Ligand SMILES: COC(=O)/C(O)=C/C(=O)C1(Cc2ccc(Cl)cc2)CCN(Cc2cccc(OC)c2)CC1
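The form deposited without the named molecule is given below as one chain in structure tokens.
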């Protein structure tokens, strides 16, 4: 495994003995899987890769002569964004076999981001790009995003994230407190 990320996770899983440390390994693996999808997606779309940009930072980058202090800016941190010149695409990457996390984030970003951006006068769209880690299929929320990128030519393989997390869960298959933490 010429993969230091995998080796690092494997060493943590070899060593872990308690449920609270195992829960942090689990959450880290899920985040590493999300970050892997983000890197592959941005490279495939030839857009600059970022991971968590404070909304205040996004506004400052798009509208440099803004007085943030005039507006009520929620301090959310979407994964990335595209500024087209006329429109701001707020980008969030998901890796999930389900829709639930997309709905939670769509509702949050729609109700929190869109009002202040209409105040400032920046045309904004909420974009969520989801990879199914089992099937590799990509789902997109975002009309303008879909028009810009009618296909997403990524080659994904999530198997190693599945392998690591399955080891952790097998190691703690009889630990009720761990199972409740990841439930």
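Numbering follows the first chain given and starts at 1.
Quick note: we don't show the form solved in complex with the named molecule, though the next part is all about it.
- When the named molecule is superposed onto this form from its pose in the bound PDB entry, none of its atoms comes within 2.4 Å of a backbone or C-beta atom, and the site is therefore classed as open.
- The named molecule is not drawn, but in the bound PDB entry it has a heavy atom within 4.5 Å of residue 34.
- Residue contact check for residue 76: one or more of its heavy atoms lie within 4.5 Å of the named molecule in the bound PDB entry.
- In the bound PDB entry, the named molecule sits within 4.5 Å of a heavy atom of residue 93.
- Of the heavy atoms in residue 44, none are within 4.5 Å of the named molecule in the bound PDB entry.
- Stretch-level contact analysis of 25-33, 63-71, 116-124, 147-155 against the named molecule in the bound PDB entry, using heavy atoms and a 4.5 Å limit, identifies 25-33.
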